[PDB]
């Protein structure tokens, strides 16, 4: 049967979930227990962590504008997600999404990761660019598997300390 239910109007769904598409929640997954992880991400939200996804990520910036801070070819780059833009991110490209605008909405589509295929989350030194800390996770649920990871980095000067220049990373806000 239709495990994930009947078709429904997407703009209306987004409107009805507007209260979840802003802090502190910020995002909302559309269907549960599906292979395709379909999420709408709102704003505002700024962050310092970079994601290393072992699979591809599809973006369609439906409302408002956002941007991804990236590492490409060993250098810091920015991919703008202007309203109306689509984008396909290859596996393992490190990315830190920034969503400055309230009322923005981005469709993000990913795949469930098989057992053994791990996600990485990491931070880089603002002073010398060296990797400061990386955690790998078997990502089953973003809601329980991810916030403690971030929280543990912010709470530890050891985790935040650059091994190259010794600068302590700011933590939650750059």
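So that the term is clear: the rigid core is the largest set of C-alpha atoms that superpose within 1.5 Å between two forms. Residue numbers count along the first chain shown, from 1.
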Figure out for me whether 17-25 or 158-166 is the more displaced stretch in 5 other deposited structures of this protein, taking RMS C-alpha distance from the shown form once the rigid core is superposed. 17-25
Superpose by the rigid core and compare 33-41 with 134-142; which one moves more, by C-alpha RMS, in 5 other deposited structures of this protein? 134-142
Between 23-31 and 53-61 (mean CA B-factor, as deposited), the higher: 23-31
State which stretch shows the higher mean Cα B factor in the entry: 43-51 or 141-149. 141-149
Which one, 127, 106, 109, 68, has the peak C-alpha temperature factor per the PDB entry? 127
In terms of CA temperature factor as recorded, identify the highest of 102, 88, 72, 81. 72
Chain-relative CA temperature factor third for residue 37: lowest
Give the position of residue 132 by CA B-factor within its chain, expressed as the lowest, middle or highest third. middle
